[PDB]
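1. here is the sequence, then the experimental structure:
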Amino acid sequence: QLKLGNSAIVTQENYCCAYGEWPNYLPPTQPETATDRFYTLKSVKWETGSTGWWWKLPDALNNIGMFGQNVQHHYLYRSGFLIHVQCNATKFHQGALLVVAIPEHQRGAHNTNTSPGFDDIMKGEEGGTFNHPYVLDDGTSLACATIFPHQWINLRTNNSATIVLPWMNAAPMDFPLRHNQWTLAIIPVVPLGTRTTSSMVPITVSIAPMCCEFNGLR
Amino acid sequence: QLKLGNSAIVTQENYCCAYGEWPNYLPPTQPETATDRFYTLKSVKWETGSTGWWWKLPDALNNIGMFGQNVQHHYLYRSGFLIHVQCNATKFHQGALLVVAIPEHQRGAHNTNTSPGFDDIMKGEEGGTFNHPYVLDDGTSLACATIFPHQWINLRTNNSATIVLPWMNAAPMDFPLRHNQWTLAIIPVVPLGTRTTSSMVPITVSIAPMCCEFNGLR
Amino acid sequence: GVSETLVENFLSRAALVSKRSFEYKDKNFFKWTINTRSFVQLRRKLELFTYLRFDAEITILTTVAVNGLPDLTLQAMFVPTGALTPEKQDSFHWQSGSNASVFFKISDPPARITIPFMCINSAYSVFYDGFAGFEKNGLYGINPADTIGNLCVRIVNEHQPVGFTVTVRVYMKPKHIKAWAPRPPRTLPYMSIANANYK
Amino acid sequence: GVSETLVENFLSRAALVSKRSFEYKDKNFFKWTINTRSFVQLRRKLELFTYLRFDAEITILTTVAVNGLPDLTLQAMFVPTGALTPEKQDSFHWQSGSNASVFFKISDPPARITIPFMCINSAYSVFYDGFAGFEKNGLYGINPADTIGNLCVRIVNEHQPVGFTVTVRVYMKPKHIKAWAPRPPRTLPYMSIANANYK
Amino acid sequence: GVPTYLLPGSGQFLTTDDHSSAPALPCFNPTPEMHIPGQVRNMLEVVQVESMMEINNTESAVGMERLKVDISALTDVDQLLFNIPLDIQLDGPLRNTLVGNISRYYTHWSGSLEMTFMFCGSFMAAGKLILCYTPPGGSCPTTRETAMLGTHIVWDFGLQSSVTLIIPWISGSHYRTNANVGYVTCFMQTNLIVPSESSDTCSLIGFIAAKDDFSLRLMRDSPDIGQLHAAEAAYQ
Amino acid sequence: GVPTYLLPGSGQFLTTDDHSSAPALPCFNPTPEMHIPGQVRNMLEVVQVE
Amino acid sequence: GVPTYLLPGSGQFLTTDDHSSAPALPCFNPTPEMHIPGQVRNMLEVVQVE
Amino acid sequence: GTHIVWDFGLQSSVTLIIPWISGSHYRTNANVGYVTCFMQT
């Protein structure tokens, strides 16, 4: 069970301390029970031909709850994350998710010289979808994307993945409205498959901001 | 008596530890009774006008026995040699053999700019014959060929020569199918002579690979 | 062989980062905005990581060719972030003392300055997943603190009656490299120096 | 007098190993594949031994002559084994940072680099009794690991309206020579630099 | 004063030197070193991380179809699935990996690799595979009985859905233009057995990491990138 | 700084000198010294062989 | 003598350097330091004044 | 196989130890091996 604040998760079937770092406070206000809670996002309809999904952080949580208020009222933030991705399948679904948390995922548009705009990057609660997940939509390789902190959801073995993100910045505190540190990237490497139905296994993303700090209240 | 493995030599009439080095293992599989045995080659008909004979190692033993299997099945080898050359003459034959073991005997063809091919170098059990033994078939001098490890078979004094070759390479292990470390060169400096017959004194070469190592089995 | 794979030994390499030939009779000088995004060979090494902390060791190598080679004196003033870059060869900003000018000749050994770590933050965000401007017109992937500065090079001499091309090769060797958060090596080719677009 | 016969004192001698005059207006540069097999005087000293372990101390000496001598800047980039050699004077491989370039002038003292021991194995097989290729087309007497590299020298300057010949003398002095398994001195003359053919 | 003389190699710009030079802005204190997570001090730490192989080394495999091998009823009892030519240098299954992109900056590579094959079928799906490390030297096995002889490990997929396959010492660019340093082949052993609700087509994900003995030297440039819009904007 | 002056014989390439020069590839570890048999440290050892 | 070689960045006038140079008038004693009131050692002392 | 190259200078006699056989253990005793001698030189 993963109970932080008021929101709890009774998860029923393994932490990945991202780069071996547990999130601590800065050695500012510290909302410890107001924001440290699982802002469970909408579960995504994972079909067979789904390419992937990306949620930039804290862009995914700028509009949600007490953390969403403390973004649009404060000015800086300092907060690690704890992403609990759970992909509840039966014993008859197959597939593999690379639940990878990419720091500073500067995306790239396909086949144009124009940079991606504000609309193509800052999606929010709805999240994104990989246009070309083999290259992570930044020209790199999915095959080497395990260099980032990651866990595999192999539906043969597990349905869940828990990644504990630290404060990942050169700066001590940064913009939540402009800058997005991490990017929870869930990419189905092996696609979903079962013969009887073109099935769906919804992937629930629950992002608890660990150890929130804030400054600059207006 | 020289008994290694199953093959024995009851030799009946003096080691030359080549460069003072006794062969040891690498500080890999180690066939200690399968390959450490005297692969006695064919005795060579030594007439008066014979120029010499050369056996490149381990090219002479790539087709013979358990060492010949472990060349054509493994990939690298590490093995010293122990060459027992015996030249069984009576007390009426005269002659002198420079039984010299030349490391890295890069041969040269006579009167052409083309390098020697695979056929002119990798002879095998049949061995070779010096086209110009005064220059060792590499442009050097036979007169200075005692700088290599060598023993003399002066038929006045002895009929045998035993040279104990170490692992002679810059590499720790090397190719048996492509590279040939040593070269047992038997060159009659003083030719054979007796008045009553144009005689033959057959020169038996027995090459026991000491301390075989191998890697890369296919 | 575990010591040549050190990130200090992997990245501290004086690769060419800038090469512009300017005539003399940008107008008759050149400024080069110091980025690592210029040549695709050093960039892909530095896009292996997310956060870099390096002192650049800029070595300005100036050649010369006519149309007797003259012995000129050059200036290689480094304009940092915030200070103003010259627009002319004889502007007032070349005379500005607080900028780190270095005065060298063609016939000297090449001028060499060690530009320090000059980010506002603790490391250079090689990839910045954010926006510089506070409106929606701000460009993506440009950290406001990532700016090294500007390397502005002119010929200190007055006008000479010979017309001749001056080719300047700028070699950057990062020093004291601390590198954080490695990334996958980019497989698809680049499309621009400003962003990570792929084709 | 037993100390001048040391192999360190016998072989560490800056003998000429390469000398090629290239014009300027191989096309207007030269690359030299670093072997000891070039000149017959240093080769016979080094064919006294079987296995050599030496650091080469390459000293590039560049002279110049017209058809006032110009003051040029040269590059003497050492392309190791595996890295690619330039085919043109202005190719991209001259800009490659990971190759060990050295930038010098004609009027300077001669450029001097110490190329380290760069065999894959523990010594250079001077004589290799084997084959490089895995087919029967592979050449005899060429160790794949014996390759030092390639010494590629160009003129960094652009085109100048004078036409002039550049003669470059490359002097190699082996250092820290450890030598194994001495051989007879070769009495018959050489026939090629690739092999030990005799006449 | 101090009587000096200039050596050869004076006034040269050797690009690989390490000399302390005059800083452009002395008495300027940079931003202090903050503990950013995940410092890489050594590029071997990048290489030792597992990364997906392109084990579908066939034609018309576009994008993410390269990362998985479909096993199904089409695969026979002992037919074939894949072979992985151990060529970090060459364009193959190991080119686009972390071990195969960092070691294209380095000429000589010498160490033990480590493959990891994760099965990605259903939980009811049973069957056996036969992973066969083949050394350098000879022919690649084409029948499953030829693959019985070398190194290998019969891999059922019930509990253990992942196999660490330690490839032994290689020494890499030590044999030749890197041609062929062996194979890792996988044949069908039994068949693929899925129930009537699971999919008939399963898949394999293959990883490769280098182990802690992996050594790398003689840095060069990578041949991977090679050829920009607004490239002259740094001079504007 | 340190007041110096150039001697005669400055900027010369004397071919028999022994000066430590800048290595072309520093931080490159060569192949380690393996015990190859028959090291000749001294050319008199070649001469004293019959 | 002492065998030296010129580095890159030799004979350059870097304007922000701090090298002890030859004084134009050595053996000239300046006026001694008298205690003038209000020495500013640090420009923050100028800034911290309202 | 098993063997021993036999020059005849000093040693004009060779003890050749045949190993354990167990004889009538394999079958009508047909063939329990050979001792062959070829010319070497």
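-> Everything's here; your move. Residues are numbered from 1 along each chain as shown, chains lettered A, B, ... in the order given.
2. indicate the residue of chain A located nearest to chain B.
-> residue A:143 (27.8 Å; Cβ to the nearest Cβ). Backbone N, C-alpha and C define where each C-beta goes, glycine included.
3. wait, a helix at that residue?
-> No. Under DSSP: H, G, I helix; E, B strand; the rest coil, residue A:143 falls outside any helix and is assigned coil.
4. and the gap between it and residue E:67?
-> Applying Cβ to Cβ, to the nearest Å, the value for residue A:143 to residue E:67 is 6 Å.
5. by proximity to chain G, which residue of chain A wins?
-> Closest point on chain A to chain G, by Cβ to the nearest Cβ, is residue A:172, at 22.3 Å.
6. oops, could you answer that again for chain C instead?
-> residue C:112 (3.4 Å).
7. so that residue sits against residue C:76, correct?
-> No. Residue C:112 lies out of contact with residue C:76 (Cβ atoms under 8 Å); the separation is 9.6 Å.
8. overlap of the contact sets of these two?
-> Jointly contacting residue C:112 and residue C:76 under the rule Cβ atoms under 8 Å, 6 or more residues apart in numbering or on different chains are C:58, C:60.
9. quick one: the strands in chain C?
-> With DSSP state E, the ranges of strands along chain C come out as C:15-24, C:30-33, C:49-66, C:73-80, C:102-105, C:111-115, C:124-125, C:149-155, C:164-182.
10. Serialize these to JSON lines and add fields for distance to residue E:41.
-> Shown next, in JSON lines, are these (distance: least, Cβ to Cβ, whole Å):
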{"stretch": "strand C:15-24", "distance to residue E:41": "21"}
{"stretch": "strand C:30-33", "distance to residue E:41": "30"}
{"stretch": "strand C:49-66", "distance to residue E:41": "12"}
{"stretch": "strand C:73-80", "distance to residue E:41": "29"}
{"stretch": "strand C:102-105", "distance to residue E:41": "32"}
{"stretch": "strand C:111-115", "distance to residue E:41": "22"}
{"stretch": "strand C:124-125", "distance to residue E:41": "17"}
{"stretch": "strand C:149-155", "distance to residue E:41": "28"}
{"stretch": "strand C:164-182", "distance to residue E:41": "8"}
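11. can you say which of those is nearest to residue A:104?
-> Comparing the strands of chain C by their distance to residue A:104 (Cβ to Cβ), the top pick is strand C:49-66, with 5.0 Å.
12. touching chain E at all, stretch A:198-212?
-> No. Stretch A:198-212 lies apart from chain E when judged by Cβ under 8 Å from any Cβ of the partner chain; the minimum separation is 9.5 Å.
13. let's verify the nearest residue to the residue of chain C closest to chain G once chain neighbours are set aside: helix, strand, or coil?
-> Spatial nearest neighbour of residue C:112, excluding adjacent residues (Cβ to Cβ, 6 or more residues apart in numbering or on different chains): residue G:9 at 3.4 Å. Going by three-state DSSP, the secondary structure assigned to residue G:9 is coil.
14. could you pull up phi and psi at residue G:9?
-> Residue G:9 adopts backbone torsions of phi 80, psi 30, taken as degrees, to the nearest 10.
15. separation between it and chain H?
-> 76 Å (Cβ to the nearest Cβ, to the nearest Å).
16. who's in contact with that residue?
-> Taking Cβ under 8 Å, 6+ apart as the test, what residue G:9 contacts is C:59, C:102, C:104, C:109-113, E:21-22.
17. what's the answer for residue C:190, then?
-> Residues counted as contacts of residue C:190 (Cβ under 8 Å, 6+ apart) are A:139, C:40, C:43, C:197, E:225, E:227-228.
18. let's go with 6 Å and repeat that
-> By Cβ atoms under 6 Å, 6 or more residues apart in numbering or on different chains, the contact set of residue C:190 is residue C:40.
19. re earlier: same list (the strands of chain C) but as CSV, adding mean neighbour count and distance to residue B:81.
-> Shown next, in CSV, are these (neighbours: other Cβ atoms under 10 Å in any protein chain shown; distance: least, Cβ to Cβ, whole Å):
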stretch, mean neighbour count, distance to residue B:81
strand C:15-24, 19, 50
strand C:30-33, 20, 64
strand C:49-66, 24, 52
strand C:73-80, 22, 65
strand C:102-105, 21, 64
strand C:111-115, 24, 57
strand C:124-125, 26, 60
strand C:149-155, 24, 65
strand C:164-182, 22, 49
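20. thinking again about what came up before, name the nearest residue to the residue of chain A closest to chain G, sequence neighbours excluded.
-> residue A:26 is the one closest to residue A:172 (Cβ to Cβ, 6+ apart), at 6.0 Å.
21. what parts of chain A come near chain E?
-> For chain A, the residues found near chain E under the criterion Cβ under 6 Å from any Cβ of the partner chain are A:19, A:21, A:91-92, A:94, A:96, A:113, A:134, A:141, A:143-144, A:146-147, A:154, A:156-157, A:166, A:168, A:189-190, A:193-196.
22. tell me the residues of chain A that contact chain C?
-> Chain A comes close to chain C at residues A:103-106, A:108-109, A:111, A:113, A:115-116, A:118, A:135, A:138-141, A:144-145, A:147, A:170-171, A:178-180, as judged by Cβ under 6 Å from any Cβ.
23. name the nearest residue to residue A:68, ignoring sequence neighbours.
-> Excluding its sequence neighbours, the residue lying closest to residue A:68 (Cβ to Cβ, 6+ apart) is residue A:62, at 5.7 Å.
24. how many neighbours does the one you found have?
-> Per other Cβ atoms under 10 Å in any protein chain shown, the neighbour tally for residue A:62 reads 21.
25. wait, isn't it in contact with residue A:69?
-> No. Residue A:62 sits out of contact with residue A:69 when judged by Cβ atoms under 6 Å, with a separation of 9.8 Å.
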